[PDB]
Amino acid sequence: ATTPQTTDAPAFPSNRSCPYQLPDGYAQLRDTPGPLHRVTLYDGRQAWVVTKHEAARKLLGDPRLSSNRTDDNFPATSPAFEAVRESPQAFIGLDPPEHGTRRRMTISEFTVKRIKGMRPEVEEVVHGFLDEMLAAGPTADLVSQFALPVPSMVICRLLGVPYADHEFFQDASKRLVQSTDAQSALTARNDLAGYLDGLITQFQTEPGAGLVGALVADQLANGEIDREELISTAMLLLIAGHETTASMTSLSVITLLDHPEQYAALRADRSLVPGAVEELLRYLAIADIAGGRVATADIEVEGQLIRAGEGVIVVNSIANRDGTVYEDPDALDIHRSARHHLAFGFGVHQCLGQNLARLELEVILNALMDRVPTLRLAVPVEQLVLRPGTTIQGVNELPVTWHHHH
């Protein structure tokens, strides 16, 4: 090469170097005027990304932006995503009206009433794993010993997946979400699909509790959902149900320990916890791989033209750092109003599990402050290995220690 390498479509996604700040490239996008920006995906395709808060709400509500993953022009951010692409879709990949007919089969499990009613169960699960970790003595891996098991046990009960098989499906879920190549991603999905097919057949003998048992005994027995779809739907809920909250827990611990005055204020006044959870959601925005869209018609946005067949990624981490919405947006402030953040999306696909996630993180933070207020990282912040921007944000390992008490 013998010419400058500046490009008007930088590589996307980018990797975080700090868990709670944007990648520098993302900061550059945040500062570029306009709602949209060109980028180049891993294979060479260019696509649009959305980089401003209001425009992200508007485009997430635009029916000309389809969630159809199996569309040829759907933006793929890694060779692994094309596992979810050439696979039968759960409702996260459907458009209305099909999307609502499938999502409505699951919503009874996620109502505000039901979630509020799970609080004692979540508290029991959180405190049990906390006990086992603390009794095991420092040091510890917060991911394997706490952040992952807690939401796994909860979502497994919700679904009717037996927690006994946790080692299998927890490992399979890891391999699907984080793979760098396509085939290891396909294999993880097919191990999962295979396990899920057996559970249905098992339900097809003795009716079990949980959402999967319910969908087997009703919608499936009425032909209203296909077996492939039920598997896909159960897989989406299982994986989302435990990988997202696990990442929020580990990244929130890292973040709070870098803001000790806010963490101390939080411990001193537990009425701040719900607002702190909202702020952490806005600030950490762990699900950026959760904004892909493909346009089925030309879309004009503020003087820029999205043409039919162009991919669009609504990047909610950047949108949540829009300073015309959140004053001083790169500062963590558990007292701020984080209302209207996009960590959960917006519109018809807005996160089904959002209030379960909020409940989990409130109980988790309270239990950590109750039972191990001296928790600290057993390594410095820049000895941690963060995941790349091609997957759910977080850490695969979080070595922690505490002052032992008896």
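So that there is no doubt, residue numbering starts at 1 and follows the sequence shown. Between two forms, the rigid core is defined as the largest C-alpha subset superposing within 1.5 Å.
Enquirer: Out of 153 to 161 and 81 to 89, which shows the greater rigid core-aligned C-alpha deviation in 6 other deposited structures of this protein?
Expert: Comparing 153 to 161 with 81 to 89, the larger C-alpha deviation in 6 other deposited structures of this protein belongs to 81 to 89.
Enquirer: Going by the average Cα B-factor in the PDB entry, point out whether 351 to 359 or 54 to 62 comes out higher.
Expert: On average, C-alpha B-factors are higher across 54 to 62.
Enquirer: Per the record, averaged over C-alpha atoms, which has the higher B-factor: 151 to 159 or 332 to 340?
Expert: Comparing 332 to 340 with 151 to 159, the higher average CA B-factor belongs to 332 to 340.
Enquirer: Among the candidates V325, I239, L211, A164, give the one with the maximum CA B-factor reported in the record.
Expert: It is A164.
Enquirer: Highest Cα B-factor in the PDB entry belongs to which of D191, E124, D218, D258?
Expert: Each of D191, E124, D218, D258 was compared by C-alpha B-factor; the highest is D191.
Enquirer: Looking at the entry's B-factor column for C-alpha atoms only, identify whether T111 ranks in the lowest, middle or highest third of its chain.
Expert: Lowest third.
Enquirer: Where does the C-alpha B-factor of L365 rank in its chain, lowest, middle or highest third?
Expert: Lowest third - that is where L365 ends up once the chain's C-alpha B-factors are sorted.
Enquirer: By its CA B factor, does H99 count among the lowest, middle or highest third of the modelled residues in the chain?
Expert: Lowest third, going by the recorded CA B-factors of the chain.
Enquirer: Quick check for you: using the entry's CA B-factors within this chain, is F169 in the lowest, middle or highest third?
Expert: Ranked within chain, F169 CA B lands in the highest tercile.
Enquirer: Sorting the chain's modelled residues by C-alpha B-factor, tell me whether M235 ends up in the lowest, middle or highest third.
Expert: Tercile = lowest for this residue's CA B-factor.
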